[PDB]
Amino acid sequence: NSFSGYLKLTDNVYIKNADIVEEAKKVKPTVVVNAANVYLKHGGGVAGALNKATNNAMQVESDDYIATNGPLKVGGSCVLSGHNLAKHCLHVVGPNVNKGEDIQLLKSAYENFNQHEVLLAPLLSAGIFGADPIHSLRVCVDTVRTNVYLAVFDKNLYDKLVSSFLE
Ligand SMILES: CC(C)[C@H](Nc1ncnc2[nH]c(C(=O)N[C@H]3CCN(C)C3)cc12)c1ccc2c(c1)S(=O)(=O)CCC2
């Protein structure tokens, strides 16, 4: 958990303009959060980047979890191996508002972070999941009580998020 170069927003929420994959390799955190879908199909975006960094071992392990346990629910999670990225991967399903899922489930999604003392995470439901990223940060700050280090791989969005929080 050797996080560096983060800006502390609240006593438990830190933020950096960084690629979560590169952060995971440098930091070696106890937990890395994946922005998953309910069938754990890591086809693109953040989930595809983390799977590629494990040389597809994450996808094979995820298919075996799904065969035995069935899909997750939107707002839910599961803990699987972190492989070379972390001790554990917390797969969390935030709502995909571009597909009509309820934005209120973003609170349930962040609530899953509270079962882990320290986590490296992306901004849930942002990007192609369609949520307003400034609203996602507000829900994170209001809901997560354990220590969360957010990696946001876009300087333009990082600057808008920091400006919005410090208003
Ligand atoms: C909003 C954007 C900036 C954000 N994207 C990111 N944030 C953090 N770390 C990121 N890594 C990457 C990435 O592609 N790394 C590669 C690039 C080469 N490298 C060796 C690995 C993107 C990343 C973001 C956050 C959440 C969500 C999305 C996108 S999504 O569209 O995948 C839908 C799910 C939710």
Side-chain angles (χ1 to χ4, degrees), residues 1-37 40-59 62 77-98 106 109-167:
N1 297 319
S2 309
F3 293 104
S4 72
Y6 283 76
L7 173 68
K8 180 182 203 175
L9 297 180
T10 67
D11 282 347
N12 68 287
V13 177
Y14 301 77
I15 193 170
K16 191 179 178 179
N17 161 220
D19 177 356
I20 193 166
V21 171
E22 298 301 322
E23 284 300 297
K25 303 191 304 195
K26 275 163 172 169
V27 175
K28 308 162 170 299
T30 305
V31 180
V32 65
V33 174
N34 179 31
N37 55 33
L40 303 180
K41 286 301 193 181
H42 314 307
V46 167
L50 289 168
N51 177 57
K52 174 174 185 205
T54 76
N55 288 86
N56 207 48
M58 176 183 287
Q59 183 74 70
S62 294
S77 69
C78 72
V79 184
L80 289 175
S81 181
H83 303 276
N84 46 306
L85 298 176
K87 176 184 186 170
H88 301 295
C89 180
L90 181 73
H91 297 268
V92 173
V93 187
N96 184 331
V97 316
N98 282 331
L106 188 56
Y110 277 117
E111 277 173 352
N112 294 287
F113 288 28
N114 287 326
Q115 319 303 346
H116 300 280
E117 283 295 308
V118 177
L119 312 94
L120 166 66
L123 192 68
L124 301 178
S125 292
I128 59 87
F129 276 31
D132 183 327
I134 286 168
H135 174 60
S136 184
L137 178 59
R138 295 206 189 108
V139 177
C140 185
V141 164
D142 290 341
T143 307
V144 179
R145 290 184 196 176
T146 54
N147 307 297
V148 59
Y149 292 74
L150 295 169
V152 177
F153 195 29
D154 182 336
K155 178 61 170 156
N156 306 108
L157 178 56
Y158 172 82
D159 282 350
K160 284 165 189 228
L161 288 172
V162 174
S163 175
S164 98
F165 173 84
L166 301 174
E167 275 175 355

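Residues take their numbers from the sequence shown, with the count starting at 1.
In plain terms, the two heavy atoms of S136 and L124 that are nearest each other are OG-O, 2.7 Å. Nearest approach of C78 to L40, heavy atoms of both residues: SG-CD1, 4.0 Å. When all heavy atoms of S4 and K16 are compared, the closest pair comes out as O-NZ, 2.8 Å. In plain terms, the two heavy atoms of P133 and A126 that are nearest each other are CB-CB, 4.4 Å. Between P122 and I20, the shortest heavy-atom contact is N-CD1, 3.6 Å. Annotation for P29 and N1: closest pair CA-OD1, 3.2 Å, computed over non-hydrogen atoms.
Screening residues 41-59 for side chain to side chain donor-acceptor pair (under 3.5 Å) gives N34-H42, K41-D63, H42-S62, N51-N56, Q59-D63 as the qualifying pairs, with residues at least two apart or on separate chains. Residues in residues 5-24 take part in these ring-ring contact (aromatic ring centres under 6.0 Å, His included) pairs, two or more places apart or across chains: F3-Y6, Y6-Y149, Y14-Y149.
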Next on the checklist: Run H116 and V79 through side chain to side chain contact (heavy atoms under 4.5 Å, CB included) and show every step you take.
Outcome noted: CA-CA 10 Å; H116 300 280; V79 184; 3.9 Å; yes
Item to check | Check against side chain to side chain contact (heavy atoms under 4.5 Å, CB included), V148 and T146 | outcome: CA-CA 6 Å; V148 59; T146 54; 5.8 Å; no
Next on the checklist: Working note: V33 + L120, criterion side chain to side chain contact (heavy atoms under 4.5 Å, CB included); need CA distance, chi angles, decisive distance, verdict.
Outcome noted: CA-CA 6 Å; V33 174; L120 166 66; over 6 Å; no
Checklist entry - What do the steps show when you test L150 against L137 for side chain to side chain contact (heavy atoms under 4.5 Å, CB included), and what is the final call? => result CA-CA 9 Å; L150 295 169; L137 178 59; 3.6 Å; yes
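The backbone N or O of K28 lies less than 3.5 Å from no partner atom in the side chain of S2, so there is not a single donor-acceptor pair. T30 places no side-chain N or O within donor-acceptor distance of the main-chain N or O of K87, the cut-off being under 3.5 Å. The closest donor-acceptor contact from the side chain of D19 to the backbone of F153 lies at 3.5 Å or more, if one exists at all.
In this structure, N147 and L119 have side chains that are not in contact, with every pair of non-hydrogen atoms separated by 4.5 Å or more.
Taking the side chain to side chain donor-acceptor pair (under 3.5 Å) definition, one finds that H88 meets it with nothing, sequence neighbours left out. Considering only residues two or more places apart in sequence or on other chains, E111 meets the side chain to side chain donor-acceptor pair (under 3.5 Å) condition with none of them. By the side chain to side chain donor-acceptor pair (under 3.5 Å) test, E22 pairs with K25, sequence neighbours left out.
The OG1 atom of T143 sits 7.5 Å away from atom CG of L106, with the distance rounded to the nearest 0.5 Å. The distance from the CG atom of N12 to the CD atom of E117 is 10.5 Å, given to the nearest 0.5 Å. Atom-to-atom distance recorded for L123:CG and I134:CD1 is 10.5 Å, nearest 0.5 angstrom. Between the CG atom of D132 and the CZ atom of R138 there is a distance of 7.5 Å, given to the nearest 0.5 Å.
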Donor-acceptor contacts under 3.5 Å from residues 155-167 side chains, at least two apart:
from, atom 1, to, atom 2, distance (Å)
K155, NZ, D159, OD1, 2.8
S164, OG, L161, O, 3.2

